[PDB]
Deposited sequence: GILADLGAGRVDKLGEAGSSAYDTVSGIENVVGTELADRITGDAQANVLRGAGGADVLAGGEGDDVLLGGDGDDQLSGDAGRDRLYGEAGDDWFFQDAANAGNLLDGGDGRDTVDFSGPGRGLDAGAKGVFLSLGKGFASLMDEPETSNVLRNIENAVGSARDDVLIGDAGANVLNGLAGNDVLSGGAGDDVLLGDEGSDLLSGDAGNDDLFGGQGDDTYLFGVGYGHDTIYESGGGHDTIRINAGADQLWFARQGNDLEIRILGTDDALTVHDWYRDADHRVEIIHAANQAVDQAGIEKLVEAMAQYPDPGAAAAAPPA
């Protein structure tokens, strides 16, 4: 269902619909099912309604409302500067241009751009995908999946039990007291980093299968590095404990000491 240069009202039904507003200020109502909505140019109002809907939005096109409705909905800015978005506060704006903004409501997941983005989740379960560029990803509460992809990314799952995929490039992972049970999955990078804001002597390092497990004594908090021992591509090269740094040789010492 494709609009034209007029201000259109386009309404899908119960199936998986593809709605595109074209030019002008459109209203798109996806109905039930897993819809794909694009406002295109103009200032558009975009309602995914029930189902797991997808929104294709240019971060530089300001003045739209993207409303996922019920279900697990994704906003995608990947179709130049990056995007700053917050699912908790409910906005997305052009990096380097806060006045160029869009309203986000009822959206659970976000895909960024090939440029440097900042993607912030909310207290629910979120998937945040930075794609290329040097991105900052913050999960907030709830159980999140963060994908840094290519580039030098900063990942923090925050509270809840999070999966952190830094991707290729030199990635930094944040962890601390109250961060729950997080797992890191590394694919590549000669200088990945973990920064743990625990007191260093709260930390307990252990090998569990082929994983490295880092616990904070006194808490239920644990950071697992998946397949650490299986291959060098899955390792992080520096671990910081508060203001103290440890290398792989140093980590293995701590493990062996137990």
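Counting from residue 1 of the deposited sequence, the stretches lacking C-alpha coordinates in this chain are 1 to 39, 119 to 126, 306 to 320.
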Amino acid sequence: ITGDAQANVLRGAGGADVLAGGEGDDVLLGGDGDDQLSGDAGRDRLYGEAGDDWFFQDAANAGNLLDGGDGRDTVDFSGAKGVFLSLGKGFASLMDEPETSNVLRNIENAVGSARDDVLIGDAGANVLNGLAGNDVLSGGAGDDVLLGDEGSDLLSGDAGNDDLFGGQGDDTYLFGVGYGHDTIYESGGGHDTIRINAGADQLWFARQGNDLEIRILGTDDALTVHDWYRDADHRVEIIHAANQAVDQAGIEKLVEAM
From here on, numbers count along this sequence of modelled residues.
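The question of which stretch, 104 to 112 or 89 to 97, has the higher mean Cα B factor is settled in favour of 89 to 97. Looking at 197 to 205 and 24 to 32 together, the entry lists the larger mean B-factor for 197 to 205, computed on C-alpha atoms. Comparing C-alpha B-factors across 232, 60, 37, 66 in the deposited entry, the largest value falls on 232.
Among all modelled residues in its chain, residue 216 ranks in the highest third by Cα B-factor. Residue 190: CA B factor in the highest third of modelled residues in this chain (values from the PDB entry).
When all modelled residues of the chain are sorted by CA temperature factor, residue 180 is found within the middle third. For residue 139, the recorded CA temperature factor ranks within the lowest third of the chain's modelled residues.
Annotation for residue 132: CA B-factor lies in the middle third of the chain's modelled residues.
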